[PDB]
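Participant: Experimental coordinates for this protein are included below, preceded by the sequence.
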Amino acid sequence: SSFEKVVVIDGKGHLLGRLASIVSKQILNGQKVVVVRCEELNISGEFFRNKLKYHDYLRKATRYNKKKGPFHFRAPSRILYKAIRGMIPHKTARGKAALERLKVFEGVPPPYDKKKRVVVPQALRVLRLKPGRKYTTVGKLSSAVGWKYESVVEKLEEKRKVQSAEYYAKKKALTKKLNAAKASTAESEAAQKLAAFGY
Amino acid sequence: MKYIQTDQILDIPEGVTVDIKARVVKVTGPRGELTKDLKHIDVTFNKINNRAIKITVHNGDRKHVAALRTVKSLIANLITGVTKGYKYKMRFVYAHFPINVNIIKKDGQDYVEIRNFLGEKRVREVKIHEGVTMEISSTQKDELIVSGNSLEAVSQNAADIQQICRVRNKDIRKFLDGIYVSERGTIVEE
Amino acid sequence: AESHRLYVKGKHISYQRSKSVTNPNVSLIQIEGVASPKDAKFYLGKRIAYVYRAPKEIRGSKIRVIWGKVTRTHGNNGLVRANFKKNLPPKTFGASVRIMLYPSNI
Amino acid sequence: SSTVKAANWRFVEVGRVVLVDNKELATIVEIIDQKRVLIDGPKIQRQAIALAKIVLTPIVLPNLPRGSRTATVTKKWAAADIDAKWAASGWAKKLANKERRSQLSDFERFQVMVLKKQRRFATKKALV
Amino acid sequence: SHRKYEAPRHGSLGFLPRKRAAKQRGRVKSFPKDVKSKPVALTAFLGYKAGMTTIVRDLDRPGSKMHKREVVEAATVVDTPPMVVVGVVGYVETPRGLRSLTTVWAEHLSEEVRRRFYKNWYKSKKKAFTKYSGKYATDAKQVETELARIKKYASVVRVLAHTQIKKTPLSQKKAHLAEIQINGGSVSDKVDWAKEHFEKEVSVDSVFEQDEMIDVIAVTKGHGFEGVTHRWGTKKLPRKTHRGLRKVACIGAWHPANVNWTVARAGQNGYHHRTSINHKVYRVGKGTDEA
Amino acid sequence: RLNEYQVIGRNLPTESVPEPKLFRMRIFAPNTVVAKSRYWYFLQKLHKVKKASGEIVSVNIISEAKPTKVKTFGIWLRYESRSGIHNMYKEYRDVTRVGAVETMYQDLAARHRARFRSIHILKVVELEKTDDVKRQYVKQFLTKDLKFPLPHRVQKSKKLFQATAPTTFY
RNA sequence: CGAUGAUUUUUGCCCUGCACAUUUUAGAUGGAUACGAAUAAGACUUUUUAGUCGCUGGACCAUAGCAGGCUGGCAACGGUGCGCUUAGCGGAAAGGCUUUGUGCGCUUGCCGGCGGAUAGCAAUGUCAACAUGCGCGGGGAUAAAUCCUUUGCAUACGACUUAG
RNA sequence: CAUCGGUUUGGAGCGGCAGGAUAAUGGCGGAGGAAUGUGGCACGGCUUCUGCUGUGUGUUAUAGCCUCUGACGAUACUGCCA
Ligand SMILES: [Mg+2]
Ligand SMILES: [Mg+2]
Ligand SMILES: [Mg+2]
Ligand SMILES: [Mg+2]
Ligand SMILES: [Mg+2]
Ligand SMILES: [Mg+2]
Ligand SMILES: [Mg+2]
Ligand SMILES: [Mg+2]
Ligand SMILES: [Mg+2]
Ligand SMILES: [Mg+2]
Ligand SMILES: [Mg+2]
Ligand SMILES: [Mg+2]
Ligand SMILES: [Mg+2]
Ligand SMILES: [Mg+2]
Ligand SMILES: [Mg+2]
Ligand SMILES: [Mg+2]
Ligand SMILES: [Mg+2]
Ligand SMILES: [Mg+2]
Ligand SMILES: [Mg+2]
Ligand SMILES: [Mg+2]
Ligand SMILES: [Mg+2]
Ligand SMILES: [Mg+2]
Ligand SMILES: [Mg+2]
Ligand SMILES: [Mg+2]
Ligand SMILES: [Mg+2]
Ligand SMILES: [Mg+2]
Ligand SMILES: [Mg+2]
Ligand SMILES: [Mg+2]
Ligand SMILES: [Mg+2]
Ligand SMILES: [Mg+2]
Ligand SMILES: [Mg+2]
């Protein structure tokens, strides 16, 4: 329940609108949120329906001048941004500050590639949708509606996962060494007292 | 109705070793190995013995129950693909214009080349799928033999060949020309 | 000691309000780590400080405080209602306040 | 061989031990539905409960006939020595450590910090 | 009510806005896609439109009534002295598009290209690229380090080349400097090619062969402010129309109570950026050739 | 949340008939105010009696005989749809007669949009023999040694954020 | 939004160390604590069908000392902070992640001696990062654009292409 | 800050009394019964019978359950406590 300085959410497996409402209320209440991997977000319903939904959104444009009309952003982060902004009083100064409290990204760029990413169980697709229902990955809908940088993201995500795997292999080795060191200091006075204390 | 439990029993012949882990089935037999991912279905597997496998759906509704015997049939087709093979025979059907069919290799790829179909100057090319063998029958005039371990690839390549020879702008009851699947069997006769 | 905090962290969320009308005399406060009215009932009556900075010095200090107290719980997730000696200004929505541990009843 | 990976689920069967409310143990004596069971135990009231309100433990009370009454459940629980079987698992040990941690005072917390300092000194010497 | 009769629209909605081009030098918006298996080669050249002429040529088009028969055709002359390579830019593939990482320049720049970076050359101290020219300090390891960075990280490599405008009859002394993408080979091959071509001349005969089909990027002729009749080819109003006839009579319906972006309006004509494709090369002449 | 009530009533005695016959009904109602109301609703569907000309004699709760013995109940229904009036028969598994009736009202609300006002409960019977069970959806739970897991467990979190990957084993 | 050239002898500019004073802050007050992937499955020692785990972070790291003083000893030869230093990796917005040697501290790992009162029974009872300015000290460099005339690849005027 | 008085919102609040089928259950004792038949027994497929297992038989055996009941003792629920 703790107040964090920055909350970095891994967007993989999250339902768009539930995550959007939670993040909107979070940034309205003064919490800084960064959402990464917006290309791995999920929308409930099969892919074709959501493509039809985006074309209904695209249908809507100012007749006398298309440049005045809705600006249909095609990037997954900007789709999430539209979902959140629809949930914010964005035309007030307070809503603008709340929106300044938020950052959304595709992939995991620096400096967040070496920080901790969390999940939001109340908005996770695998925990919310019925196991037989069809869903969409926002990266494919985005590519299907004009987003140009899918293959760049997957190349950079495989590169990031290679570096993060070397990271994990190093941490496991030092975790393995410390456990062997913690075993040596077991059954010591500090260890015996901590066992009576619950540690 | 949410049936409490539904079961199907796979049967593994003597020389075949099925191997299932996380809905990825790898069936091994005398003719080779075939693998298939079923991550889009919610099923569980129990090894009854080395020759039998239980396939279970727990608390499944009507459609999710419908997806169980199809898993059984797909794995059985894998087993008979690695123990007997698959063979589709196609007969060349034409009223007037003979169909000139060649097995060509362009760009390092095997193709089935249909020429003179209904007199067209167009040359039809059908890519031959990986794992699929084509042969012009010697024992039969105007016969193509499509064979392979995987039933899905063999039947779909055969369907490609059949579909590319469709008649346009005519009465297809009268103009019956085309390439049609005439026999669906196995490499090992039974 | 690297830590010197003697107050519980809080956040100013809102005024008491309906859809269209707000009530500045009562502020709604979220206490950190509190998730139920049973948890939040520990903090009833504790005084509250909002600490902020101003341009002019008063007695050599640019730090000012507005004091309040917890009056009741609010809702089901451990928020409380507060009453400050001066209503919290609306720009402070989302700013952190200090929930004092006194008047203590431990 | 075949080498088929089978699920390691916990099953709804007569004799399954369940936890209720993170406090009390009970065993399933008969199945009502997909969602509801009849549970009984030495320290709980025999009742019909929803399976969403309870958690199945990996322990089965062996040879419990379906629909066994409270006396039978208590007798077989004592024979199978279910309390000791539960108390030996890491789940119960973590629960006990959580309660014990929740019962500490400020002085005990200070002592915990000091002892942690000493053990960390020893552990770092061991690691080098 | 509908229009009494249907007719197609006047003008194209794909060339809006009909405003002046942002630059007089036409810029290559998109280059040909890179193929690694090809040799390292340039994809563009800069020239100056000299004028038009006429040729006679024997046609090779079987089935035509002009086949093997003489045709008279309009042709355009482009004055193209060899361009000088002076720099190289590395581009990186990013989730926000291509991004320039580093630009490496040559040691010596001619005066005509150094005038490009000045508005008042005659009043200047001409200090451009002097400290950078100093970057060649001995080992010139700063330059080698940046080139290695380009080789290591860049996915798209473009060269910097300028025209030799002193070889043209133009009185302008400023050269025209442009980015020309390098296609073919690996990134290391492209960077090596760019470095080895620093301060060197490259002729048109090294980029384009005869009978090739090439595209032309240019800014069209300016005509200034124009009425709808000639700007958009709209129908002239009757002779007896009050207040004039070189107009569009109805510029919109009552509702929407606004003028639509699709209505033809008077405004600035010409001086637009255009990309025109599929112009056949009848001749790549050489200045040293007397015939 | 319901209870089963025994309601007994009679016509008001007259000098012609000074001891009218006593009639009892078993009523499943949330409280005793609705229990006596439903009694008069059904007697006026059968008998020449009114609340003004009648008298409620006794209202008693009927508790389950063995509330911790799992049973199977058959319920006979007569409900009104949007189009007509229909008879139906359904079966439920529960430990109390009242708890099966609570499920019935939820069940006809969900599958037939039949409101409480549109339903008459004709009879609730505990099925003694396993051959007495007619419906599949409750007969499948009367098989010997019934086991089944509960795949895909979703855990409710008290906190908004969890720092470790979610799991559904169980 | 990126790369790149030159950046004012003007008492004007850049970079940097200290020191100080101010304005600002959508709101510091121990720590944003880094695999990937699946969920009808995972994770650890291992290595894969075995043991153990989850059933929430009520966790992990850090946390004692006048907001943490002045001094002394022991045990270990570790830990940590800072300053130079060696080498390497990181371009997605790398601006960070490591690392060699060295110097200066601290260490609550353990034991001592001395200090805090009167702020009076609470009054945030003032301890942070961003920015700007100014004194000293130190390394470094020493431009352009516009008007004007001119051009006509441009043009209603602005603006634009040229040249001086 | 304390204490008081008025109003008011609470606690994982604590206790006593009353009512009911003078709760129904449960537990103990007794009597009866059946099967989703425990042990045992008779045929089988895989097991050096290594929860082996399947089908029959029948009524506590090497599990138990259901129905009725006899004497106690509780609890749920709803009220009252000046
Ligand atoms: Mg949309
Ligand atoms: Mg607002
Ligand atoms: Mg576009
Ligand atoms: Mg037709
Ligand atoms: Mg016809
Ligand atoms: Mg009010
Ligand atoms: Mg009990
Ligand atoms: Mg008209
Ligand atoms: Mg029309
Ligand atoms: Mg049209
Ligand atoms: Mg243009
Ligand atoms: Mg492009
Ligand atoms: Mg035009
Ligand atoms: Mg006329
Ligand atoms: Mg006129
Ligand atoms: Mg039902
Ligand atoms: Mg994780
Ligand atoms: Mg502040
Ligand atoms: Mg750490
Ligand atoms: Mg941890
Ligand atoms: Mg010391
Ligand atoms: Mg400060
Ligand atoms: Mg002059
Ligand atoms: Mg008084
Ligand atoms: Mg009072
Ligand atoms: Mg009270
Ligand atoms: Mg009693
Ligand atoms: Mg009894
Ligand atoms: Mg007996
Ligand atoms: Mg038997
Ligand atoms: Mg009571």
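Facilitator: Alright, I've got the coordinates. Residues are numbered from 1 along each chain as shown, chains lettered A, B, ... in the order given. Ligands and ions are numbered 1, 2, ... in the order given.
Participant: residues of the longest helix seen in chain D that come out buried?
Facilitator: Looking across chain D with DSSP state H, the single longest helix is helix D:106-127. Buried residues in helix D:106-127, counting neighbours by 16 or more other Cβ atoms under 10 Å in any protein chain shown, are found at D:112, D:115, D:116, D:118, D:119, D:122, D:123. All C-beta spots, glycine's among them, are computed from the backbone N, C-alpha and C.
Participant: Check stretch B:54-69 too.
Facilitator: B:55, B:56, B:57, B:58, B:59, B:60, B:64, B:67, B:68.
Participant: pull the CA atoms of stretch E:104-116 into CSV?
Facilitator: Extracted C-alpha coordinates of stretch E:104-116, given in CSV (Å, rounded to 0.1, in the frame of the first residue of the first chain):
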residue,chain,number,x,y,z
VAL,E,104,32.3,12.9,-39.7
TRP,E,105,33.7,15.5,-42.1
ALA,E,106,36.8,15.7,-44.4
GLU,E,107,40.0,17.6,-43.5
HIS,E,108,39.9,20.1,-46.4
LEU,E,109,36.8,21.9,-47.6
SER,E,110,36.8,24.0,-50.8
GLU,E,111,35.6,27.6,-50.6
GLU,E,112,32.4,27.1,-52.7
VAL,E,113,31.1,24.5,-50.2
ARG,E,114,32.2,26.5,-47.1
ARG,E,115,30.2,29.4,-48.4
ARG,E,116,27.1,27.2,-48.0
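Participant: ok, now which ones touch the closest residue to ligand 2 within the stretch 1-150 of chain E?
Facilitator: Distance from ligand 2 to each residue of the stretch 1-150 of chain E (Cβ to the ion) is smallest for residue E:96, at 31.4 Å. Neighbouring residues of residue E:96 by Cβ atoms under 8 Å, 6 or more residues apart in numbering or on different chains: residue A:149.
Participant: likewise residue D:61?
Facilitator: Per Cβ under 8 Å, 6+ apart, neighbours of residue D:61: D:15, D:16, D:17, D:27, D:73, D:76, D:77, D:80, D:82.
Participant: So what's the residue count around the first one?
Facilitator: Each residue near residue D:15 was counted by other Cβ atoms under 10 Å in any protein chain shown, and the total is 22.
Participant: Check whether the longest helix seen in chain E comes near RNA strand G.
Facilitator: Taking DSSP H as the criterion, chain E has its longest helix at helix E:141-153. Yes: on the criterion Cβ under 7 Å from any atom of the strand, helix E:141-153 is in touch with RNA strand G at E:149, E:153.
Participant: which other helices and strands contact that helix?
Facilitator: Here helix E:141-153 touches strand E:83-94, strand E:97-105, helix E:187-196, going by 3 or more Cβ pairs under 8 Å, 6 or more residues apart in numbering or on different chains; DSSP states H and E.
Participant: With respect to chain F, which of the ones you listed lies nearest?
Facilitator: Among the helices and strands packed on helix E:141-153, strand E:83-94 comes nearest to chain F, with 29.3 Å by Cβ to the nearest Cβ.
Participant: and that closest one, which residues are buried?
Facilitator: When burial is assessed from 16+ other Cβ under 10 Å, strand E:83-94 yields the following buried residues: E:83, E:84, E:85, E:86, E:87, E:88, E:89, E:90, E:91, E:93.
Participant: Distance from the chain centre to the longest helix of chain E, please.
Facilitator: 29 Å (Cα atoms, centre = their mean, to the nearest Å).
Participant: CA atoms of that helix as PDB?
Facilitator: What follows is helix E:141-153, C-alpha atoms only, in PDB (Å, rounded to 0.1, in the frame of the first residue of the first chain):
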ATOM      1  CA  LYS E 141      41.900   9.200 -33.400                       C
ATOM      2  CA  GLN E 142      38.900  11.200 -32.700                       C
ATOM      3  CA  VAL E 143      37.900  10.700 -36.300                       C
ATOM      4  CA  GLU E 144      38.700   7.000 -36.300                       C
ATOM      5  CA  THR E 145      36.800   6.500 -33.000                       C
ATOM      6  CA  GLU E 146      33.700   8.200 -34.500                       C
ATOM      7  CA  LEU E 147      34.000   6.200 -37.700                       C
ATOM      8  CA  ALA E 148      34.200   3.000 -35.600                       C
ATOM      9  CA  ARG E 149      31.100   4.100 -33.700                       C
ATOM     10  CA  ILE E 150      29.300   4.500 -37.000                       C
ATOM     11  CA  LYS E 151      30.500   1.000 -38.100                       C
ATOM     12  CA  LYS E 152      29.400  -0.500 -34.800                       C
ATOM     13  CA  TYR E 153      26.000   1.100 -34.400                       C
END
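Participant: Can you show me the strands along the chain?
Facilitator: As the question left the chain open, I've gone with chain A. A:7-10, A:33-36, A:42-44, A:102-104, A:135-137 (DSSP state E).
Participant: could you do chain D instead?
Facilitator: Under DSSP E, chain D gives strands at D:11-12, D:16-20, D:24-31, D:36-41, D:44-50, D:54-60.
Participant: Contacts for the first one, please.
Facilitator: Residues from elsewhere that reach strand D:11-12 (Cβ under 8 Å, 6+ apart): D:28, D:31, D:37, D:51, D:56, F:146, F:147, F:148, F:149, F:150.
Participant: Likewise for the third one?
Facilitator: Contacting residues not belonging to strand D:24-31 are listed as D:12-20, D:37-41, D:43-44, D:46, D:54, D:61, D:64, D:66-68, D:73, D:77, D:82-83, D:86, F:70, F:141, F:146 [Cβ under 8 Å, 6+ apart].
Participant: what's the angle from it to strand D:44-50?
Facilitator: Using axes from the mean of the first three to the mean of the last three Cα atoms, to 10 degrees, the direction of strand D:24-31 lies 60 degrees away from that of strand D:44-50.
Participant: Could you list the buried residues of strand D:24-31?
Facilitator: Quick answer for strand D:24-31 (16+ other Cβ under 10 Å): D:25, D:26, D:27, D:28, D:29, D:30, D:31.
Participant: how close does the fifth one sit to chain E?
Facilitator: When distance is defined by Cβ to the nearest Cβ, to the nearest Å, residue D:29 is 59 Å away from chain E.
Participant: The second one now?
Facilitator: Look at residue D:26 and chain E: by Cβ to the nearest Cβ, they are 54 Å apart.
Participant: still on that earlier bit, got JSON lines for the buried residues of helix D:106-127, with distance to RNA strand H too?
Facilitator: Listed next are those as JSON lines, based on distance: Cβ to the nearest atom of the strand, whole Å:
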{"residue": "D:112", "distance to RNA strand H": "23"}
{"residue": "D:115", "distance to RNA strand H": "28"}
{"residue": "D:116", "distance to RNA strand H": "28"}
{"residue": "D:118", "distance to RNA strand H": "33"}
{"residue": "D:119", "distance to RNA strand H": "32"}
{"residue": "D:122", "distance to RNA strand H": "37"}
{"residue": "D:123", "distance to RNA strand H": "36"}
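Participant: from the buried residues of strand D:24-31, which is closest to residue E:153?
Facilitator: Closest approach between the buried residues of strand D:24-31 and residue E:153, by Cβ to Cβ: residue D:25, at 62.1 Å.
Participant: you'd agree residue D:32 is up against residue F:70?
Facilitator: Yes: if you go by Cβ atoms under 8 Å, residue D:32 and residue F:70 touch, sitting 5.4 Å apart.
Participant: overlap in contacts of the two?
Facilitator: Joint contacts of residue D:32 and residue F:70 (Cβ under 8 Å, 6+ apart) are D:38, D:48, F:93, F:94, F:95.
Participant: Torsion angles phi and psi at the third one?
Facilitator: With angles defined as degrees, to the nearest 10, residue F:93 sits at phi -110, psi 120.
Participant: bridging residues for it?
Facilitator: residue F:72 (DSSP bridges).
Participant: picking that back up, and of the shared contacts of residue D:32 and residue F:70, the nearest to chain A?
Facilitator: Nearest member of those to chain A, counting by Cβ to the nearest Cβ, is residue F:93, at 24.1 Å.
Participant: isn't that closest one right up against residue F:141?
Facilitator: Yes: judged on Cβ under 8 Å, residue F:93 makes contact with residue F:141 at a distance of 6.2 Å.
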